[PDB]
Every structure is written in C-alpha cells, then in structure tokens.
>>> print(open('model_32.cif').read())   # mmCIF, C-alpha atoms and all ligand atoms
data_target
#
loop_
_atom_site.label_atom_id
_atom_site.label_comp_id
_atom_site.auth_asym_id
_atom_site.auth_seq_id
_atom_site.Cartn_x
_atom_site.Cartn_y
_atom_site.Cartn_z
CA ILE A 1 0.00 0.00 0.00
CA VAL A 2 1.40 3.43 -1.00
CA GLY A 3 0.32 6.56 0.77
CA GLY A 4 -1.76 4.67 3.46
CA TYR A 5 -1.56 4.22 7.25
CA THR A 6 -0.78 1.46 9.69
CA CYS A 7 -4.05 -0.24 10.29
CA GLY A 8 -3.36 -1.31 13.90
CA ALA A 9 -3.07 -4.95 15.05
CA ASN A 10 -6.09 -7.15 14.17
CA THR A 11 -8.18 -4.17 13.19
CA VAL A 12 -8.89 -5.94 9.83
CA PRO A 13 -9.78 -9.40 11.15
CA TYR A 14 -10.67 -11.00 7.75
CA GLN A 15 -7.24 -10.11 6.29
CA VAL A 16 -5.14 -13.22 5.43
CA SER A 17 -1.55 -13.64 4.34
CA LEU A 18 -0.75 -16.41 1.85
CA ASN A 19 2.59 -17.96 2.78
CA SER A 20 4.78 -20.30 0.82
CA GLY A 21 7.93 -19.87 2.97
CA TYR A 22 7.32 -16.14 2.63
CA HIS A 23 4.33 -13.74 2.26
CA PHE A 24 3.39 -13.50 -1.36
CA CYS A 25 -0.26 -12.35 -1.59
CA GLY A 26 -3.20 -11.31 0.54
CA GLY A 27 -6.65 -12.89 0.77
CA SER A 28 -9.94 -12.59 2.65
CA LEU A 29 -11.64 -14.97 5.06
CA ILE A 30 -15.22 -15.55 3.95
CA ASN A 31 -16.11 -18.28 6.35
CA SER A 32 -14.41 -20.61 8.76
CA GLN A 33 -12.96 -22.84 6.03
CA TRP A 34 -12.72 -20.68 2.85
CA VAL A 35 -10.49 -17.86 1.61
CA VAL A 36 -11.00 -15.70 -1.49
CA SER A 37 -7.86 -14.39 -3.34
CA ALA A 38 -6.64 -13.48 -6.87
CA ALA A 39 -6.23 -16.30 -9.42
CA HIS A 40 -2.89 -14.62 -10.34
CA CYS A 41 -1.69 -15.56 -6.81
CA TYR A 42 -2.13 -19.30 -7.53
CA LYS A 43 0.74 -21.52 -6.26
CA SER A 44 1.05 -25.13 -4.95
CA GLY A 45 1.90 -25.52 -1.26
CA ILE A 46 0.02 -22.57 0.27
CA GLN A 47 -0.19 -21.98 3.99
CA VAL A 48 -2.89 -19.54 5.04
CA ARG A 49 -1.95 -17.17 7.94
CA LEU A 50 -4.81 -15.66 9.94
CA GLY A 51 -4.71 -13.16 12.81
CA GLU A 52 -1.45 -11.52 11.49
CA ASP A 53 -0.17 -8.02 12.16
CA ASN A 54 3.61 -8.25 12.04
CA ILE A 55 4.22 -11.05 9.54
CA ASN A 56 7.78 -11.52 10.83
CA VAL A 57 7.01 -11.87 14.60
CA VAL A 58 4.79 -14.31 16.43
CA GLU A 59 2.62 -11.97 18.46
CA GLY A 60 -0.01 -14.34 19.79
CA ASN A 61 -3.15 -14.12 17.70
CA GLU A 62 -2.03 -16.14 14.64
CA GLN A 63 -3.59 -19.32 13.15
CA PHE A 64 -1.48 -21.00 10.40
CA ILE A 65 -3.57 -23.51 8.45
CA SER A 66 -2.54 -25.25 5.23
CA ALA A 67 -4.71 -25.24 2.13
CA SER A 68 -6.60 -28.55 1.22
CA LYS A 69 -7.70 -27.33 -2.23
CA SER A 70 -7.31 -24.33 -4.52
CA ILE A 71 -9.89 -23.50 -7.16
CA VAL A 72 -9.07 -20.95 -9.86
CA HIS A 73 -12.08 -19.39 -11.68
CA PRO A 74 -13.02 -21.61 -14.69
CA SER A 75 -12.58 -18.54 -16.94
CA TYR A 76 -9.53 -16.94 -15.60
CA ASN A 77 -7.33 -15.36 -18.38
CA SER A 78 -3.83 -14.72 -17.21
CA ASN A 79 -3.06 -12.40 -20.11
CA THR A 80 -5.97 -10.05 -19.60
CA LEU A 81 -6.46 -10.75 -15.90
CA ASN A 82 -10.14 -11.13 -16.65
CA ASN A 83 -11.91 -13.21 -13.86
CA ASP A 84 -8.92 -12.73 -11.46
CA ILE A 85 -10.29 -14.69 -8.55
CA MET A 86 -9.70 -17.97 -6.76
CA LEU A 87 -11.03 -19.96 -3.79
CA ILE A 88 -8.82 -21.68 -1.22
CA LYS A 89 -10.25 -24.26 1.17
CA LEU A 90 -8.46 -24.66 4.58
CA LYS A 91 -7.47 -28.13 5.82
CA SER A 92 -9.24 -27.36 9.13
CA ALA A 93 -11.77 -24.67 10.10
CA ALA A 94 -10.31 -21.41 11.54
CA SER A 95 -11.41 -20.46 15.10
CA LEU A 96 -13.34 -17.28 14.72
CA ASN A 97 -13.34 -14.42 17.28
CA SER A 98 -13.04 -10.57 17.39
CA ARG A 99 -9.54 -10.62 15.99
CA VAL A 100 -10.23 -13.36 13.40
CA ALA A 101 -13.47 -12.97 11.60
CA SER A 102 -15.02 -13.54 8.17
CA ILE A 103 -16.23 -10.75 5.90
CA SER A 104 -19.66 -10.78 4.27
CA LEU A 105 -20.09 -11.33 0.56
CA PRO A 106 -22.09 -8.58 -1.14
CA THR A 107 -25.75 -8.64 -2.15
CA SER A 108 -25.42 -5.65 -4.49
CA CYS A 109 -22.58 -4.15 -6.45
CA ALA A 110 -21.21 -0.99 -4.93
CA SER A 111 -21.33 2.23 -6.93
CA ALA A 112 -18.80 4.94 -7.93
CA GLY A 113 -18.17 7.32 -5.10
CA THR A 114 -18.45 4.69 -2.38
CA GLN A 115 -15.52 4.80 0.06
CA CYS A 116 -13.63 1.54 0.70
CA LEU A 117 -10.82 0.15 2.79
CA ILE A 118 -8.01 -1.66 1.08
CA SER A 119 -5.27 -3.35 3.09
CA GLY A 120 -2.11 -5.42 2.68
CA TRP A 121 1.56 -6.00 3.34
CA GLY A 122 2.63 -4.93 -0.18
CA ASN A 123 5.29 -2.39 -1.35
CA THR A 124 4.87 1.05 0.17
CA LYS A 125 6.90 2.96 -2.48
CA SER A 126 5.97 4.27 -5.99
CA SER A 127 9.62 4.32 -6.95
CA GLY A 128 11.77 1.74 -5.37
CA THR A 129 11.04 -1.08 -2.92
CA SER A 130 10.17 -1.16 0.75
CA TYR A 131 8.06 -3.87 2.29
CA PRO A 132 6.38 -3.20 5.68
CA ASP A 133 6.25 -5.84 8.39
CA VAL A 134 2.83 -4.65 9.72
CA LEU A 135 -0.48 -4.34 7.93
CA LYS A 136 -1.18 -1.10 6.02
CA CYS A 137 -4.60 0.39 5.15
CA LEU A 138 -5.93 2.91 2.61
CA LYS A 139 -9.41 4.39 2.30
CA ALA A 140 -10.19 5.03 -1.39
CA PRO A 141 -13.32 5.73 -3.47
CA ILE A 142 -14.58 3.60 -6.29
CA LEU A 143 -14.17 5.48 -9.57
CA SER A 144 -16.65 5.73 -12.39
CA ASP A 145 -16.43 3.15 -15.13
CA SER A 146 -15.96 6.09 -17.50
CA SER A 147 -12.92 7.29 -15.66
CA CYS A 148 -11.64 3.77 -15.36
CA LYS A 149 -11.92 2.95 -19.03
CA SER A 150 -10.41 6.29 -19.91
CA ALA A 151 -7.40 5.41 -17.77
CA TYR A 152 -6.93 1.94 -19.26
CA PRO A 153 -8.30 2.01 -22.80
CA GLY A 154 -9.17 -1.48 -24.05
CA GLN A 155 -8.27 -3.24 -20.79
CA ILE A 156 -11.24 -2.98 -18.48
CA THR A 157 -13.97 -5.64 -18.60
CA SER A 158 -17.36 -5.95 -16.80
CA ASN A 159 -15.58 -7.89 -14.08
CA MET A 160 -13.29 -5.08 -13.05
CA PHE A 161 -13.48 -1.78 -11.36
CA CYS A 162 -11.14 1.08 -10.57
CA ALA A 163 -10.58 2.58 -7.23
CA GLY A 164 -8.18 5.15 -5.88
CA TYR A 165 -6.98 8.63 -6.94
CA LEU A 166 -6.30 9.91 -10.49
CA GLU A 167 -3.81 12.41 -8.98
CA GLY A 168 -1.75 9.39 -7.88
CA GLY A 169 0.12 9.16 -4.51
CA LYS A 170 -2.21 6.63 -2.94
CA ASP A 171 -2.75 3.08 -4.18
CA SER A 172 -2.30 -0.59 -3.57
CA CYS A 173 0.87 -2.23 -4.92
CA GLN A 174 2.82 -5.46 -5.59
CA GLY A 175 2.39 -7.78 -2.64
CA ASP A 176 -1.10 -6.42 -1.85
CA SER A 177 -2.48 -8.66 -4.66
CA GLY A 178 -5.38 -11.00 -3.73
CA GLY A 179 -6.30 -8.80 -0.80
CA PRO A 180 -9.65 -7.22 0.23
CA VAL A 181 -11.53 -4.12 -0.85
CA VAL A 182 -14.33 -3.76 1.68
CA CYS A 183 -17.12 -1.20 1.30
CA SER A 184 -19.90 -0.75 3.79
CA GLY A 185 -18.83 -3.93 5.58
CA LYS A 186 -19.03 -6.19 2.50
CA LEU A 187 -16.29 -7.61 0.30
CA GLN A 188 -16.52 -5.68 -2.97
CA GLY A 189 -13.14 -6.12 -4.60
CA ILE A 190 -9.88 -8.04 -4.76
CA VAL A 191 -6.54 -6.32 -5.42
CA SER A 192 -5.77 -7.35 -9.03
CA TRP A 193 -3.53 -5.03 -11.11
CA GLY A 194 -2.47 -1.56 -12.16
CA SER A 195 0.19 0.24 -14.17
CA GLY A 196 3.06 0.75 -11.68
CA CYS A 197 1.67 1.97 -8.33
CA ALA A 198 0.28 5.32 -7.19
CA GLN A 199 1.20 6.88 -10.59
CA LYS A 200 -0.96 9.81 -11.85
CA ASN A 201 -3.93 8.73 -14.01
CA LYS A 202 -3.24 5.06 -13.34
CA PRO A 203 -5.53 3.91 -10.50
CA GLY A 204 -5.69 0.39 -9.03
CA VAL A 205 -7.87 -2.20 -10.82
CA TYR A 206 -9.94 -4.63 -8.73
CA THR A 207 -11.85 -7.83 -9.37
CA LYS A 208 -15.59 -7.02 -9.05
CA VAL A 209 -16.62 -9.64 -6.50
CA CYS A 210 -20.41 -8.92 -6.79
CA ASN A 211 -20.26 -10.70 -10.22
CA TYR A 212 -18.97 -13.95 -8.67
CA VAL A 213 -21.30 -14.47 -5.69
CA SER A 214 -23.28 -17.27 -7.26
CA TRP A 215 -20.03 -18.98 -8.31
CA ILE A 216 -18.59 -18.68 -4.82
CA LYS A 217 -21.71 -19.94 -3.08
CA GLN A 218 -22.13 -22.92 -5.44
CA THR A 219 -18.47 -23.84 -5.14
CA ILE A 220 -18.32 -23.79 -1.42
CA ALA A 221 -21.58 -25.77 -1.17
CA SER A 222 -20.09 -28.63 -3.23
CA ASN A 223 -16.52 -28.78 -2.06
CA CA B 1 2.77 -12.37 13.39
#
>>> encode(input="model_32.cif", output="structure tokens")
Amino acid sequence: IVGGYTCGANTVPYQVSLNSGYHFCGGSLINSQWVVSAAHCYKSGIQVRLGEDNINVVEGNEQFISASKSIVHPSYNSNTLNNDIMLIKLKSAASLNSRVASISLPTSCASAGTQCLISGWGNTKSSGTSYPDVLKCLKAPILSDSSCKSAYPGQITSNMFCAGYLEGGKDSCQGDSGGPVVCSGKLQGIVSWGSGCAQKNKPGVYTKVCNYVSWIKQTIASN
C-alpha cells in the first residue's frame, strides 16, 4: 500500500496472508474454512496465515492452516487478468473471534463514489522497494467506469473496477495482490492489477466480486 496508514493490530480481522515460505499475496476470510484471493496468486503448497499483524514476529493471535484445495475461476485469463479470482479451502476450520473474523459477501454491487478500505503488506513505495512488516490500510473511493476505461483504454472488462486517486500518490501495490476491498462492511473487490503503483492517471484495478457471488456460493456448497 502506498500513501496509506498502519491499520493497527487485528483491526482488519478477515485479512489473510498467503505464505509459501514467505508472504506473497493477501486474501480474505469468507467463512471458517474458505479464503477468497486473486487467481494470479495461484501456487502449490500454500499456507494460510490468519490473525497476522507483524508477519515476521509471532505476536499471539495467529492461526497458520494449510490449504486442502485451490480453485481458480473456470474462466480466468492470465493475459488479460479477466476473472482474477480464486477460492482456497483450509485443511481445518479457523477459530473465529473478534480478531479473526469472516467478511460478508455482497448482495449488491457498490457504486462509484463509495468509500472503501483496502489493506495489505505490499510495497509502500511508488519508486523503489520497501516492504512493511505490519499491515497497512488505505481508504479510497470507487471510480466511475468512464474514468476507469479512460485510464486503461481497451483493458477494463465488466468484471473489473477502478478505485483510488487519479492524482496518484495513494494506491495498492505489488504484494497487496489478492487482498480485500471492503465497502460498507461487505467484500466488494480483490486487489488485481495496475500500471506501476500510485502513478498519476493510473488507479488500481480490482476484481468485481459482486459478479462472482453465485459462483462462490455454489463452489463452497459442493466442495
Ligand atoms: Ca505475526
């Protein structure tokens, strides 16, 4: 996250880290046994880490649970990043409390102008590299589809939205990928891609979770 603030320990209780020997992507806890992330984060041998603040120090609220199964969206296109979403099932159910909680899936799509919280452990610099140990947060509005498609001509589909600031300075970034965009208490997006980070006229682009609800519910009911 560039231009954000330190969320504070376990203030974002649905935030996950995906670990394969190291943090590589975020994710969101959607019930005791299921995580939603970005299909571009797919790897074999994932360990899910819940209850994290400092990802380098054991501070007492963690639960580290390996993944049983990963399901990448049937239509995911790695060249376009269209349908950039995947489901991870945990080998055992997480123990849910105040500091480790699921986030609700949406009933409606959220509109342009809605304010959202985006969080992750990703790069905090627009130029150069500097990875935080503690969780960082950003509040950012959803942009109009017009503005989004004018920023990324030919690249935005129905399954994406923009969020952030056209003036740059404030964005998500590499390492935040797969993580949550929560608006009005519901999971609306997943951190997917962008041109650089926090650059002027190049906002972040997010998977539009309200288009996948039926696919998520069906999947989890049968697996
Ligand atoms: Ca920790």
>>> closest_residue(input="model_32.cif", among="A:13, A:4, A:185, A:164", to="residue A:144", atoms="all atoms listed in the file")
A:164
>>> closest_residue(input="model_32.cif", among="A:10, A:195, A:97, A:56", to="ligand CA 1 (chain B)", atoms="all atoms listed in the file")
A:56
>>> atom_distance(input="model_32.cif", atom1="atom CA of residue A:26", atom2="atom CA of residue A:177")
5.9 Å
>>> residues_around(input="model_32.cif", residues="residue A:72", least_positions_apart="5", cutoff="7 Å", atoms="all atoms listed in the file", output="list in words")
residues 39, 85, 86 and 87 of chain A
>>> residues_near_ligand(input="model_32.cif", ligand="ligand CA 1 (chain B)", cutoff="10 Å", atoms="all atoms listed in the file", output="PyMOL selection string")
chain A and resi 9+49-63+133-134
>>> closest_residue(input="model_32.cif", among="A:223, A:29, A:190, A:96", to="residue A:70", atoms="all atoms listed in the file")
A:223
>>> atom_distance(input="model_32.cif", atom1="atom CA of residue A:203", atom2="atom CA of residue A:101")
28.9 Å
>>> atom_distance(input="model_32.cif", atom1="atom CA of residue A:127", atom2="atom CA of residue A:174")
12.0 Å
>>> closest_residue(input="model_32.cif", among="A:73, A:149, A:139, A:202", to="residue A:167", atoms="only C-alpha atoms")
A:202
>>> closest_residue(input="model_32.cif", among="A:32, A:44, A:172, A:199", to="residue A:117", atoms="all atoms listed in the file")
A:172
>>> closest_residue(input="model_32.cif", among="A:20, A:211, A:146, A:15", to="residue A:45", atoms="all atoms listed in the file")
A:20
>>> decode(input="model_32.cif", residues="stretch 39-85 of chain A", atoms="N, CA and C atoms", output="CSV table (one decimal), in the first residue's frame")
chain,number,residue,atom,x,y,z
A,39,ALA,N,-6.7,-15.2,-8.6
A,39,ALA,CA,-6.2,-16.3,-9.4
A,39,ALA,C,-4.7,-16.1,-9.8
A,40,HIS,N,-4.3,-14.8,-10.1
A,40,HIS,CA,-2.9,-14.6,-10.3
A,40,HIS,C,-1.9,-14.9,-9.2
A,41,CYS,N,-2.4,-15.1,-8.0
A,41,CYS,CA,-1.7,-15.6,-6.8
A,41,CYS,C,-1.5,-17.1,-6.8
A,42,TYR,N,-2.1,-17.8,-7.7
A,42,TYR,CA,-2.1,-19.3,-7.5
A,42,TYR,C,-0.7,-19.9,-7.5
A,43,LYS,N,-0.5,-20.8,-6.5
A,43,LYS,CA,0.7,-21.5,-6.3
A,43,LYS,C,0.3,-22.8,-5.6
A,44,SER,N,1.2,-23.9,-5.7
A,44,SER,CA,1.1,-25.1,-4.9
A,44,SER,C,1.6,-24.9,-3.5
A,45,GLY,N,1.2,-25.6,-2.6
A,45,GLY,CA,1.9,-25.5,-1.3
A,45,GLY,C,1.6,-24.2,-0.5
A,46,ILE,N,0.4,-23.8,-0.5
A,46,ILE,CA,0.0,-22.6,0.3
A,46,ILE,C,-0.3,-22.9,1.7
A,47,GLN,N,0.3,-22.1,2.6
A,47,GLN,CA,-0.2,-22.0,4.0
A,47,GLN,C,-0.9,-20.7,4.2
A,48,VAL,N,-2.1,-20.8,4.7
A,48,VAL,CA,-2.9,-19.5,5.0
A,48,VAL,C,-2.5,-19.1,6.5
A,49,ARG,N,-2.2,-17.8,6.6
A,49,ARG,CA,-2.0,-17.2,7.9
A,49,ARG,C,-3.0,-16.1,8.3
A,50,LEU,N,-3.8,-16.5,9.3
A,50,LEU,CA,-4.8,-15.7,9.9
A,50,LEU,C,-4.3,-14.9,11.2
A,51,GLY,N,-5.0,-13.9,11.6
A,51,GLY,CA,-4.7,-13.2,12.8
A,51,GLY,C,-3.3,-12.4,12.8
A,52,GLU,N,-2.8,-12.1,11.6
A,52,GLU,CA,-1.5,-11.5,11.5
A,52,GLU,C,-1.5,-10.0,11.6
A,53,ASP,N,-0.5,-9.4,12.3
A,53,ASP,CA,-0.2,-8.0,12.2
A,53,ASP,C,1.3,-7.9,11.6
A,54,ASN,N,2.2,-8.2,12.5
A,54,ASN,CA,3.6,-8.2,12.0
A,54,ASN,C,3.9,-9.6,11.5
A,55,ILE,N,4.1,-9.7,10.2
A,55,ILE,CA,4.2,-11.1,9.5
A,55,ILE,C,5.6,-11.7,9.8
A,56,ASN,N,6.5,-11.0,10.5
A,56,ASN,CA,7.8,-11.5,10.8
A,56,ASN,C,7.9,-11.9,12.3
A,57,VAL,N,6.9,-11.6,13.1
A,57,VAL,CA,7.0,-11.9,14.6
A,57,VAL,C,5.8,-12.6,15.1
A,58,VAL,N,6.0,-13.6,15.9
A,58,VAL,CA,4.8,-14.3,16.4
A,58,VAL,C,4.3,-13.5,17.6
A,59,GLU,N,3.1,-12.9,17.5
A,59,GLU,CA,2.6,-12.0,18.5
A,59,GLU,C,1.4,-12.5,19.2
A,60,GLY,N,0.9,-13.7,18.9
A,60,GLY,CA,0.0,-14.3,19.8
A,60,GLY,C,-1.4,-14.6,19.2
A,61,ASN,N,-1.8,-13.9,18.2
A,61,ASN,CA,-3.2,-14.1,17.7
A,61,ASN,C,-3.2,-14.9,16.4
A,62,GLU,N,-2.1,-15.4,15.9
A,62,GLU,CA,-2.0,-16.1,14.6
A,62,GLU,C,-2.7,-17.5,14.6
A,63,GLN,N,-3.2,-17.9,13.5
A,63,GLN,CA,-3.6,-19.3,13.1
A,63,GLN,C,-3.0,-19.7,11.8
A,64,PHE,N,-2.1,-20.7,11.7
A,64,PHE,CA,-1.5,-21.0,10.4
A,64,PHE,C,-2.1,-22.3,9.9
A,65,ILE,N,-2.8,-22.3,8.9
A,65,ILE,CA,-3.6,-23.5,8.4
A,65,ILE,C,-3.2,-23.8,7.0
A,66,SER,N,-2.8,-25.0,6.6
A,66,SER,CA,-2.5,-25.3,5.2
A,66,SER,C,-3.8,-25.3,4.3
A,67,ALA,N,-3.6,-25.1,3.1
A,67,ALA,CA,-4.7,-25.2,2.1
A,67,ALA,C,-4.9,-26.7,1.7
A,68,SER,N,-6.2,-27.2,1.7
A,68,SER,CA,-6.6,-28.6,1.2
A,68,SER,C,-6.7,-28.5,-0.3
A,69,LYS,N,-7.3,-27.4,-0.8
A,69,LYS,CA,-7.7,-27.3,-2.2
A,69,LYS,C,-7.7,-25.8,-2.6
A,70,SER,N,-7.3,-25.6,-3.9
A,70,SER,CA,-7.3,-24.3,-4.5
A,70,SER,C,-8.2,-24.5,-5.8
A,71,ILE,N,-9.1,-23.5,-5.9
A,71,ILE,CA,-9.9,-23.5,-7.2
A,71,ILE,C,-9.8,-22.2,-7.9
A,72,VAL,N,-9.1,-22.2,-9.0
A,72,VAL,CA,-9.1,-20.9,-9.9
A,72,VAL,C,-10.3,-20.8,-10.7
A,73,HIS,N,-10.9,-19.6,-10.8
A,73,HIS,CA,-12.1,-19.4,-11.7
A,73,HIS,C,-12.0,-20.1,-13.1
A,74,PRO,N,-13.0,-20.8,-13.4
A,74,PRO,CA,-13.0,-21.6,-14.7
A,74,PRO,C,-12.6,-20.7,-15.9
A,75,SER,N,-12.8,-19.4,-15.8
A,75,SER,CA,-12.6,-18.5,-16.9
A,75,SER,C,-11.4,-17.6,-16.8
A,76,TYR,N,-10.6,-17.9,-15.9
A,76,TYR,CA,-9.5,-16.9,-15.6
A,76,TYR,C,-8.6,-16.9,-16.8
A,77,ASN,N,-8.3,-15.6,-17.3
A,77,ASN,CA,-7.3,-15.4,-18.4
A,77,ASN,C,-6.1,-14.6,-17.9
A,78,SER,N,-5.0,-15.3,-17.8
A,78,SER,CA,-3.8,-14.7,-17.2
A,78,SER,C,-3.3,-13.6,-18.1
A,79,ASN,N,-3.6,-13.5,-19.3
A,79,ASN,CA,-3.1,-12.4,-20.1
A,79,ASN,C,-3.8,-11.1,-19.9
A,80,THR,N,-5.2,-11.2,-19.8
A,80,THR,CA,-6.0,-10.1,-19.6
A,80,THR,C,-6.3,-9.7,-18.1
A,81,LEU,N,-6.1,-10.7,-17.3
A,81,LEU,CA,-6.5,-10.7,-15.9
A,81,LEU,C,-8.0,-10.7,-15.7
A,82,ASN,N,-8.7,-11.0,-16.8
A,82,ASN,CA,-10.1,-11.1,-16.6
A,82,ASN,C,-10.5,-12.3,-15.7
A,83,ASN,N,-11.5,-12.1,-14.8
A,83,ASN,CA,-11.9,-13.2,-13.9
A,83,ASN,C,-10.8,-13.5,-12.9
A,84,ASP,N,-10.1,-12.5,-12.4
A,84,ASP,CA,-8.9,-12.7,-11.5
A,84,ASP,C,-9.3,-13.0,-10.0
A,85,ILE,N,-9.8,-14.3,-9.8
A,85,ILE,CA,-10.3,-14.7,-8.6
A,85,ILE,C,-10.1,-16.2,-8.4
